[PDB]
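Asks: You'll find run.pdb just under this line, and it carries PDB, C-alpha atoms.
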```pdb
ATOM      1  CA  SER A 166     -62.809  86.265  61.951
ATOM      2  CA  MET A 167     -62.942  84.344  58.701
ATOM      3  CA  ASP A 168     -65.015  81.591  60.380
ATOM      4  CA  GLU A 169     -67.645  83.943  61.833
ATOM      5  CA  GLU A 170     -67.999  85.495  58.402
ATOM      6  CA  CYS A 171     -68.546  82.129  56.736
ATOM      7  CA  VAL A 172     -71.265  81.327  59.282
ATOM      8  CA  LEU A 173     -72.961  84.684  58.667
ATOM      9  CA  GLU A 174     -72.693  84.063  54.961
ATOM     10  CA  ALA A 175     -74.321  80.576  55.203
ATOM     11  CA  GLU A 176     -77.099  82.003  57.408
ATOM     12  CA  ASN A 177     -77.737  84.822  54.990
ATOM     13  CA  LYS A 178     -78.044  82.354  52.032
ATOM     14  CA  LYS A 179     -80.634  80.358  53.962
ATOM     15  CA  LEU A 180     -82.584  83.510  54.979
ATOM     16  CA  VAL A 181     -82.701  84.714  51.378
ATOM     17  CA  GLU A 182     -84.010  81.315  50.290
ATOM     18  CA  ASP A 183     -86.720  81.437  52.972
ATOM     19  CA  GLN A 184     -87.584  84.992  51.946
ATOM     20  CA  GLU A 185     -88.105  83.833  48.358
ATOM     21  CA  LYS A 186     -90.487  81.074  49.519
ATOM     22  CA  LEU A 187     -92.337  83.543  51.773
ATOM     23  CA  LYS A 188     -92.672  86.160  49.046
ATOM     24  CA  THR A 189     -93.955  83.562  46.631
ATOM     25  CA  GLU A 190     -96.526  82.384  49.149
ATOM     26  CA  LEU A 191     -97.591  85.940  49.992
ATOM     27  CA  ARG A 192     -97.941  86.633  46.263
ATOM     28  CA  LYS A 193    -100.245  83.636  45.686
ATOM     29  CA  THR A 194    -102.325  84.317  48.786
ATOM     30  CA  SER A 195    -102.605  87.958  47.750
ATOM     31  CA  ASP A 196    -103.639  87.148  44.167
ATOM     32  CA  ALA A 197    -106.202  84.708  45.527
ATOM     33  CA  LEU A 198    -107.611  87.393  47.786
ATOM     34  CA  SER A 199    -107.865  89.751  44.836
ATOM     35  CA  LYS A 200    -109.643  87.237  42.600
ATOM     36  CA  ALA A 201    -112.064  86.430  45.399
ATOM     37  CA  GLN A 202    -112.765  90.127  45.935
ATOM     38  CA  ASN A 203    -113.551  90.522  42.233
ATOM     39  CA  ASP A 204    -115.778  87.501  42.223
ATOM     40  CA  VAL A 205    -117.805  88.974  45.069
ATOM     41  CA  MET A 206    -118.011  92.262  43.200
ATOM     42  CA  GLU A 207    -118.883  90.720  39.839
ATOM     43  CA  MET A 208    -121.595  88.591  41.404
ATOM     44  CA  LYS A 209    -123.164  91.586  43.101
ATOM     45  CA  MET A 210    -123.547  93.733  39.980
ATOM     46  CA  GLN A 211    -124.629  90.626  38.147
ATOM     47  CA  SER A 212    -127.212  89.908  40.869
ATOM     48  CA  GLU A 213    -128.502  93.483  40.793
ATOM     49  CA  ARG A 214    -128.961  93.335  37.045
ATOM     50  CA  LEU A 215    -130.850  90.087  37.424
ATOM     51  CA  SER A 216    -133.188  91.540  40.062
ATOM     52  CA  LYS A 217    -133.967  94.505  37.810
ATOM     53  CA  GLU A 218    -134.888  92.193  35.017
ATOM     54  CA  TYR A 219    -136.953  90.194  37.517
ATOM     55  CA  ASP A 220    -139.002  93.170  38.658
ATOM     56  CA  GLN A 221    -139.357  94.240  35.069
ATOM     57  CA  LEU A 222    -140.694  90.810  34.178
ATOM     58  CA  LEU A 223    -143.235  91.142  36.959
ATOM     59  CA  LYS A 224    -144.247  94.529  35.564
ATOM     60  CA  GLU A 225    -144.536  93.259  31.939
ATOM     61  CA  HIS A 226    -147.079  90.923  33.417
ATOM     62  CA  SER A 227    -148.737  93.428  35.808
ATOM     63  CA  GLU A 228    -149.501  96.025  33.131
ATOM     64  CA  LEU A 229    -150.578  93.479  30.492
TER      65      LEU A 229
ATOM     66  CA  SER B 166     -62.520  91.618  56.753
ATOM     67  CA  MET B 167     -64.177  93.271  59.742
ATOM     68  CA  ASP B 168     -65.934  95.624  57.287
ATOM     69  CA  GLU B 169     -67.352  92.657  55.433
ATOM     70  CA  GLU B 170     -68.380  90.990  58.636
ATOM     71  CA  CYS B 171     -70.240  94.147  59.714
ATOM     72  CA  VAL B 172     -72.083  94.365  56.405
ATOM     73  CA  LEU B 173     -73.057  90.659  56.567
ATOM     74  CA  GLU B 174     -74.216  91.190  60.131
ATOM     75  CA  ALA B 175     -76.367  94.227  59.215
ATOM     76  CA  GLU B 176     -77.862  92.273  56.288
ATOM     77  CA  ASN B 177     -78.612  89.326  58.567
ATOM     78  CA  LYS B 178     -80.512  91.658  60.923
ATOM     79  CA  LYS B 179     -82.509  93.148  58.095
ATOM     80  CA  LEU B 180     -83.383  89.706  56.683
ATOM     81  CA  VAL B 181     -84.571  88.368  60.028
ATOM     82  CA  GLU B 182     -86.732  91.443  60.608
ATOM     83  CA  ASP B 183     -88.181  91.268  57.051
ATOM     84  CA  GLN B 184     -88.914  87.608  57.603
ATOM     85  CA  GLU B 185     -91.168  88.564  60.468
ATOM     86  CA  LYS B 186     -92.876  91.309  58.412
ATOM     87  CA  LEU B 187     -93.534  88.783  55.698
ATOM     88  CA  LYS B 188     -94.864  86.151  58.094
ATOM     89  CA  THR B 189     -97.330  88.557  59.683
ATOM     90  CA  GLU B 190     -98.326  90.002  56.333
ATOM     91  CA  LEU B 191     -98.946  86.494  55.062
ATOM     92  CA  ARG B 192    -100.996  85.544  58.171
ATOM     93  CA  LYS B 193    -103.203  88.624  57.727
ATOM     94  CA  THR B 194    -103.669  88.089  54.006
ATOM     95  CA  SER B 195    -104.526  84.455  54.619
ATOM     96  CA  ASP B 196    -107.145  85.450  57.218
ATOM     97  CA  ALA B 197    -108.596  88.055  54.801
ATOM     98  CA  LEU B 198    -108.722  85.461  52.020
ATOM     99  CA  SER B 199    -110.549  83.107  54.365
ATOM    100  CA  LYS B 200    -113.206  85.740  54.997
ATOM    101  CA  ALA B 201    -113.493  86.618  51.308
ATOM    102  CA  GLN B 202    -113.878  82.940  50.390
ATOM    103  CA  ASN B 203    -116.790  82.739  52.805
ATOM    104  CA  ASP B 204    -118.300  85.841  51.164
ATOM    105  CA  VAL B 205    -117.921  84.135  47.777
ATOM    106  CA  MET B 206    -119.984  81.179  49.028
ATOM    107  CA  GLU B 207    -122.554  83.561  50.478
ATOM    108  CA  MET B 208    -122.692  85.640  47.305
ATOM    109  CA  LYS B 209    -122.989  82.442  45.273
ATOM    110  CA  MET B 210    -126.011  80.938  47.071
ATOM    111  CA  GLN B 211    -127.842  84.296  46.866
ATOM    112  CA  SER B 212    -127.148  84.885  43.189
ATOM    113  CA  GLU B 213    -127.952  81.301  42.180
ATOM    114  CA  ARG B 214    -131.191  81.269  44.250
ATOM    115  CA  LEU B 215    -132.193  84.530  42.519
ATOM    116  CA  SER B 216    -131.326  83.068  39.124
ATOM    117  CA  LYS B 217    -133.455  79.999  39.812
ATOM    118  CA  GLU B 218    -136.682  81.900  40.511
ATOM    119  CA  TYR B 219    -135.933  84.048  37.505
ATOM    120  CA  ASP B 220    -135.624  80.978  35.242
ATOM    121  CA  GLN B 221    -138.769  79.551  36.838
ATOM    122  CA  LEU B 222    -140.664  82.820  36.340
ATOM    123  CA  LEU B 223    -139.578  82.801  32.639
ATOM    124  CA  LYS B 224    -140.570  79.155  32.113
ATOM    125  CA  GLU B 225    -144.070  79.756  33.506
ATOM    126  CA  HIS B 226    -144.727  82.321  30.736
ATOM    127  CA  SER B 227    -143.175  80.435  27.847
ATOM    128  CA  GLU B 228    -145.280  78.569  25.487
ATOM    129  CA  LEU B 229    -146.431  80.092  22.204
TER     130      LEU B 229
END
```
Go ahead and express the file in the form of structure tokens.

Replies:
Amino acid sequence: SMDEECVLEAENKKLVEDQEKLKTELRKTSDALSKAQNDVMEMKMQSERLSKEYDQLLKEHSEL
Amino acid sequence: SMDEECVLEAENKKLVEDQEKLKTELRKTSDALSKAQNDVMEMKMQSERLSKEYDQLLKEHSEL
């Protein structure tokens, strides 16, 4: 009936609105996860580089 | 019409099901982010600690 349809329509508008909010939130959370995963990666290869230069410093002083 | 009603109904079902997919997906991502944020703090304190003894090691050798 026309009334049932108008209820379904109203419900569908609300669900689409909620889906937009949910997608937005998923998108932010997901970006944040990505950035954090890069930061952990960038700090590791940074840290490795640093340790190599550390050991090298020790050597510069162990071999004169 | 009854055709329209049946389409709206099908769409309503799909939207409710997708809403659950999105909620779970969000909950998982949020948990993963939580873990990665902890790893960032871990990574940080390691890298900074390393960097500090490196700067100290450099300072000890520097005066001309």

Asks: Could you make a table, as a Markdown table, of the residues of chain A that have an atom within 6 Å of an atom of chain B, each with its nearest atom pair and distance in Å to one decimal, counting all atoms listed in the file, in chain and number order?

Replies:
```
| residue | atom | partner | partner_atom | distance |
| --- | --- | --- | --- | --- |
| A:170 | CA | B:170 | CA | 5.5 |
| A:177 | CA | B:177 | CA | 5.8 |
| A:191 | CA | B:191 | CA | 5.3 |
| A:198 | CA | B:198 | CA | 4.8 |
| A:205 | CA | B:205 | CA | 5.5 |
| A:212 | CA | B:212 | CA | 5.5 |
```

Asks: What are the centre and the three edge lengths of an axis-aligned box that wraps all atoms of segment 186-191 of chain B in the file, given that 5 Å is added to every side, written as JSON and rounded to one decimal in Å?

Replies:
```
{"center_x": -95.9, "center_y": 88.7, "center_z": 57.4, "size_x": 16.1, "size_y": 15.2, "size_z": 14.6}
```

Asks: Let me make sure I understand: if you superpose chain B onto chain A using all C-alpha atoms paired in order, what RMSD in Å results?

Replies: 4.2 Å

Asks: One number please: atom CA of residue 228 of chain A to atom CA of residue 217 of chain B, in Å, one decimal.

Replies: 23.6 Å

Asks: When you draw a straight line from atom CA of residue 175 of chain A to atom CA of residue 168 of chain B, how long is it in Å?

Replies: 17.4 Å

Asks: Separation of atom CA of residue 229 of chain B and atom CA of residue 227 of chain A, in Å?

Replies: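 Distance reported for this atom pair: 19.2 Å.
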